[PDB]
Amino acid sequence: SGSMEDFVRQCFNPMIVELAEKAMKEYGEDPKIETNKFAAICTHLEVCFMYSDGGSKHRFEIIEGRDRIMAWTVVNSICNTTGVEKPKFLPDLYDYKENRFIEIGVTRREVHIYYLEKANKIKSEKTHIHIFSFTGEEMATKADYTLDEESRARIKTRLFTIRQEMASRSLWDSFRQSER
């Protein structure tokens, strides 16, 4: 789906597109062939960055996007300084205000299905899950949404805009049905 490749390179900042290309090739996947997955990885990374800008200065440490050594440097450091237990898998963010790791989900499916999958693969009581969709729906652990409605609205409106531009290019149907 090379027209989706064109969309991704036009839609996302070059720093995001470059990181997503690297991430896919690390798993032997070709961004030029799995173009729907490339778009999905760019979207999740953009959401993670928008979320980290969503509250007070330095509220959040970003873990997603970092090379593995630096990501685990951030996590092991945080788990020595704040004493919070050590996750088995790298989470997306750490929230200094609530003293918890956050896992961010972005889904073309239903939020409840994706929430349960994240909860099950995580198996760690401490990690806060926040799920976004392209349709305006969000859902978070204990209905605790972490950010104010205005910052969440920026994220939800950004995902809608992406869905709308995909739809105008007849890319949305394939993209929505690509997720597994």
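So that there is no doubt, residue numbering starts at 1 and follows the sequence shown. Each form is matched to the other, and the largest set of C-alpha atoms that superpose within 1.5 Å is called the rigid core.
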Consider 142-150 and 117-125 separately and indicate which one has Cα atoms farther, on average, from the shown form in 4 other deposited structures of this protein after rigid core alignment. 117-125
Higher-B stretch (mean Cα B-factor, as the entry records it), 41-49 or 113-121: 113-121
Using the B-factors recorded in the PDB entry, average over the C-alpha atoms of 71-79 and of 84-92, then report which stretch comes out higher. 84-92
Return the residue from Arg66, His58, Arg154, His130 that has the highest Cα B-factor in the entry. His58
Cα B factor band for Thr146 (lowest, middle or highest third within the chain): middle
Please place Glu26 in the lowest, middle or highest third of its chain by C-alpha B factor as given in the entry. lowest
